[PDB]
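> Just passing along the structure, written as structure tokens.
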Amino acid sequence: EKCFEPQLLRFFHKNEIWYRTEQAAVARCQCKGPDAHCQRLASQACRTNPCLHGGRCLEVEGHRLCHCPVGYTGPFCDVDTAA
Ligand SMILES: [Cl-]
Ligand SMILES: [Ho]
Ligand SMILES: [Ho]
């Protein structure tokens, strides 16, 4: 059985690992199937914020992530959705 990550709109296979953002923190999750085991990680703010529409930039393990506001999603919150 697979795990669904709604923030990415994608399923993950067992043991697969991905990132899931909160407003002020990043969580890394592993699929156990169908439930994911997550661990909240301490994240620093990116020096440069490439996120659009008020996206919060969270940097962890090198690369940057965008926690998008409602009505926006994608790698840089450049997709209009639920607003
Ligand atoms: Cl499936
Ligand atoms: Ho929208
Ligand atoms: Ho809209």
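Going through the structure tokens in order, the chains are called A, B, and so on, while each chain numbers its residues from 1 and the ligands are numbered from 1 in the order shown.
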Excluding same-chain residues fewer than 2 positions from residue A:25, what lies within 9 Å of it counting only C-alpha atoms, as a PyMOL selection string?
chain A and resi 20-23+27+40-44+58
> For residue A:4, find every residue with an atom within 10 Å (counting only C-alpha atoms), except residues of its own chain fewer than 4 positions away, and show them as a PDB file with N, CA and C atoms, in the first residue's frame.

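After the write, part_34.pdb holds the following:
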```pdb
ATOM      1  N   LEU A   8       1.946  17.454  -2.170  1.00  0.00           N
ATOM      2  CA  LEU A   8       2.630  17.206  -3.437  1.00  0.00           C
ATOM      3  C   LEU A   8       1.715  16.555  -4.469  1.00  0.00           C
ATOM      4  N   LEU A   9       0.509  16.192  -4.042  1.00  0.00           N
ATOM      5  CA  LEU A   9      -0.448  15.488  -4.895  1.00  0.00           C
ATOM      6  C   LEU A   9       0.128  14.215  -5.510  1.00  0.00           C
ATOM      7  N   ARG A  10       0.980  13.519  -4.764  1.00  0.00           N
ATOM      8  CA  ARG A  10       1.561  12.280  -5.274  1.00  0.00           C
ATOM      9  C   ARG A  10       1.632  11.169  -4.240  1.00  0.00           C
ATOM     10  N   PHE A  11       1.544   9.935  -4.723  1.00  0.00           N
ATOM     11  CA  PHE A  11       1.690   8.771  -3.868  1.00  0.00           C
ATOM     12  C   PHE A  11       3.155   8.381  -3.773  1.00  0.00           C
ATOM     13  N   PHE A  12       3.535   7.799  -2.643  1.00  0.00           N
ATOM     14  CA  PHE A  12       4.881   7.270  -2.484  1.00  0.00           C
ATOM     15  C   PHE A  12       4.821   5.789  -2.148  1.00  0.00           C
ATOM     16  N   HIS A  13       5.791   5.035  -2.649  1.00  0.00           N
ATOM     17  CA  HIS A  13       5.889   3.616  -2.340  1.00  0.00           C
ATOM     18  C   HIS A  13       6.490   3.430  -0.958  1.00  0.00           C
ATOM     19  N   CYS A  31       7.268   6.653   3.941  1.00  0.00           N
ATOM     20  CA  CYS A  31       6.065   5.854   3.753  1.00  0.00           C
ATOM     21  C   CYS A  31       6.196   4.486   4.395  1.00  0.00           C
ATOM     22  N   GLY A  33       3.046   2.838   4.707  1.00  0.00           N
ATOM     23  CA  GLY A  33       1.970   2.287   3.899  1.00  0.00           C
ATOM     24  C   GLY A  33       0.776   1.761   4.673  1.00  0.00           C
ATOM     25  N   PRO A  34      -0.362   2.473   4.608  1.00  0.00           N
ATOM     26  CA  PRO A  34      -0.550   3.731   3.878  1.00  0.00           C
ATOM     27  C   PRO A  34      -0.174   4.955   4.707  1.00  0.00           C
ATOM     28  N   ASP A  35       0.203   4.752   5.964  1.00  0.00           N
ATOM     29  CA  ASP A  35       0.550   5.868   6.833  1.00  0.00           C
ATOM     30  C   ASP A  35       2.028   6.210   6.751  1.00  0.00           C
ATOM     31  N   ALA A  36       2.326   7.493   6.891  1.00  0.00           N
ATOM     32  CA  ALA A  36       3.695   7.976   6.827  1.00  0.00           C
ATOM     33  C   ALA A  36       4.215   8.320   8.215  1.00  0.00           C
TER      34      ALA A  36
END
```
> Distance atom CA of residue A:52-atom 1 (Ho, counted along the ligand's line) of ligand 3, one decimal place?
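Those two atoms sit 15.0 Å apart.
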> Could you give me, as JSON lines, a per-residue list for chain A showing, wherever an atom lies at most 10 Å from an atom of ligand 3, the closest pair of atoms and their distance in Å to one decimal, using only C-alpha atoms and all ligand atoms and sorting by chain then residue number from low to high?

```
{"residue": "A:71", "atom": "CA", "partner": "ligand 3", "partner_atom_place_in_ligand_line": "1 (Ho)", "distance": 7.9}
{"residue": "A:80", "atom": "CA", "partner": "ligand 3", "partner_atom_place_in_ligand_line": "1 (Ho)", "distance": 7.1}
{"residue": "A:81", "atom": "CA", "partner": "ligand 3", "partner_atom_place_in_ligand_line": "1 (Ho)", "distance": 7.8}
{"residue": "A:82", "atom": "CA", "partner": "ligand 3", "partner_atom_place_in_ligand_line": "1 (Ho)", "distance": 8.1}
{"residue": "A:83", "atom": "CA", "partner": "ligand 3", "partner_atom_place_in_ligand_line": "1 (Ho)", "distance": 5.3}
```
> Would you save the residues from that selection as a PDB file, in the first residue's frame, using C-alpha atoms?

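And here's selection06.pdb as it stands now:
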```pdb
ATOM      1  CA  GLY A  71      -4.788  29.093  -3.201  1.00  0.00           C
ATOM      2  CA  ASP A  80      -3.439  29.191  -8.607  1.00  0.00           C
ATOM      3  CA  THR A  81      -5.774  26.684  -6.925  1.00  0.00           C
ATOM      4  CA  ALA A  82      -8.171  26.813  -3.963  1.00  0.00           C
ATOM      5  CA  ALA A  83      -8.621  30.602  -3.948  1.00  0.00           C
TER       6      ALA A  83
END
```
> Find, counting only C-alpha atoms and all ligand atoms, the residue in A:65, A:77, A:70, A:24 that gets nearest to ligand 2.
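Looking only at the distances to ligand 2, the closest residue turns out to be A:70.
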> Write out as a list in words all residues of stretch 30-74 of chain A that DSSP puts in strand (DSSP E or B) for this structure's backbone.
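In stretch 30-74 of chain A, DSSP puts these residues in strand (DSSP E or B): residues 30, 31, 36, 37, 38, 39, 40, 41, 44, 45, 56, 57, 58, 59, 64, 65, 66, 67, 72 and 73 of chain A.
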> Skipping near chain neighbours, those fewer than 5 positions away, what residues fall within 7 Å of residue A:32 using only C-alpha atoms, listed as a list in words?
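What passes the distance filter is residues 14, 15 and 37 of chain A.
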> Limited to C-alpha atoms, could you put the picked residues into a file as an mmCIF file, in the first residue's frame?

```
data_model
loop_
_atom_site.group_PDB
_atom_site.id
_atom_site.type_symbol
_atom_site.label_atom_id
_atom_site.label_comp_id
_atom_site.auth_asym_id
_atom_site.auth_seq_id
_atom_site.Cartn_x
_atom_site.Cartn_y
_atom_site.Cartn_z
ATOM 1 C CA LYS A 14 6.940 1.908 0.886
ATOM 2 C CA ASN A 15 10.149 3.221 2.475
ATOM 3 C CA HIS A 37 6.088 8.283 9.746
#
```
> Between A:3, A:17, A:26, A:38, which has the minimum distance to residue A:59 (counting only C-alpha atoms)?
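For residue A:59, the nearest of the candidates is A:26.
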> Residue A:79: which residues within 12 Å, counting only C-alpha atoms, same-chain residues fewer than 5 positions away excluded, as a list in words?
residues 51, 52, 53, 55, 68, 69, 70, 71, 72, 73 and 74 of chain A
> Record the distance separating atom CA of residue A:5 and atom CA of residue A:47, expressed in Å with one decimal.
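A separation of 27.2 Å between them.
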> Can you work out the spacing between atom 1 (Ho, counted along the ligand's line) of ligand 2 and atom CA of residue A:18 in Å, to one decimal?
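Computing it gives 26.0 Å between the two atoms.
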